[PDB]
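*Asks:* Right, I'll just put the structure down here and ask away after.
Just so it is clear, none of the values below were taken in a lab; they were calculated from the coordinates. Because the Cβ atoms are built from the backbone with ideal geometry, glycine has one as well, and the counts that use them run over all protein chains shown.
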Amino acid sequence: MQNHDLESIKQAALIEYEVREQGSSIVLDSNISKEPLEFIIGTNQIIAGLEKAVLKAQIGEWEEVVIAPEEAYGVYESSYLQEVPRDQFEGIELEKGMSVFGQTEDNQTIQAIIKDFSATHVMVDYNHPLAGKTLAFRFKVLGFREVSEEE
C-alpha cells in the first residue's frame, strides 16, 4: 500500500572506489581520478567484502571499509607452522585443530590453532609480518539513473 512509481525497470548505478593503505599516504589503485563505474542493480561483479558494503551505503554518502589481504586478492596468506617444545604445555593437554593460548612476556595472551602434536614437540599455526596487511577500500554510491539504447 504505497503511492509511488513502478520500480520494476532496470537502472545504471554509478559507483567510485579508491584502495589506499591504513595510515600511509601512498595509494595502490583508484578509478575515481580516471572515470566512474556503472552497473545494473543486482550485478555485484566487485570484491565480496565490498558487495556486503554497497547494499548499506546510500546515494551521495562516502564510506570506508577496511578489508584483510586474504579477503581481497589472497596473494600472501598469514598461516605458518612453528615448532614449540612440550615443556611449554607440561600441565595442559593438546589436540589437532583446537584453539590454544600462549602467554607472552608483554603481559598478554595470543590465541592460535595446533596443526600437529607429539610427546616430544608440538607444531602450532601462527601469523608472521612477512605476510600481507589490511587495506582501506574507500567508495561512494554516485547514484542510479535511467538510460536508453539510442543516445
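*Asks:* If you consider only alpha-carbon coordinates, what radius of gyration and Dmax does the stretch 76-132 have, in Å?
*Replies:* Here Rg and the maximum Cα pair distance are 11.8, 35 Å.
*Asks:* Oh, and also: So if I take the centroid of the Cα atoms in the stretch 1-30 and the same for the stretch 110-151, what is the distance between those two points in Å?
*Replies:* 21 Å
*Asks:* I want to check the label-to-label distance for residue 120 and residue 150. Put each point 7 Å from Cα in the C-beta direction and report it in nm to one decimal.
*Replies:* Calculated label separation equals 8.1 nm.
*Asks:* Under 15 Å from the Cβ of residue 124, count the other residues' Cβ atoms, weight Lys and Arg +1, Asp and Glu -1, and hand me the total.
*Replies:* -3
*Asks:* In addition: Relative to a virtual label point 7 Å from the Cα of residue 111 in the Cα→beta-carbon direction, which members of the stretch 65-99 show backbone nitrogen distances below 19 Å?
*Replies:* It comes to 68, 78-80, 93-99, nothing else.
*Asks:* Can you tell me the FRET efficiency between residue 103 and residue 11 if r is taken as the Cβ-Cβ distance and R0 is 41 Å, rounded to the nearest 0.05?
*Replies:* For residue 103 and residue 11, the calculated efficiency is 0.15.
*Asks:* How large is the Kirkwood hydrodynamic radius of the chain, in angstrom, based on all distinct alpha carbon pairs?
*Replies:* Hydrodynamic radius (Kirkwood, Cα pairs) of the chain is 19.8 Å.
*Asks:* Between residue 44 and residue 89, how many nm apart are label points set 7 Å from Cα along the C-beta direction?
*Replies:* Output for this residue pair reads 3.9 nm.
*Asks:* Continuing with this model, one more query. Among the listed pairs 115/140; 52/96; 56/96; 96/133; 10/133, which are separated by more than 31 Å between their Cα atoms?
*Replies:* Listed pairs above 31 Å: 115/140; 52/96; 56/96; 10/133.
*Asks:* Which chymotrypsin sites (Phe, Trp or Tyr not before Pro) in the stretch 1-98 pass both tests, a DSSP loop state and at most 12 other beta-carbon atoms within 10 Å?
*Replies:* Passing both the DSSP loop test and the Cβ count: 73, 76.
*Asks:* Helix-only estimate, please: 222 nm mean residue ellipticity of the chain, summing -39500 (n - 2.57) across DSSP H runs of length 4 or more and dividing by its residues, to the nearest 500.
*Replies:* Taken over the chain, the calculation gives -1000 deg cm²/dmol.
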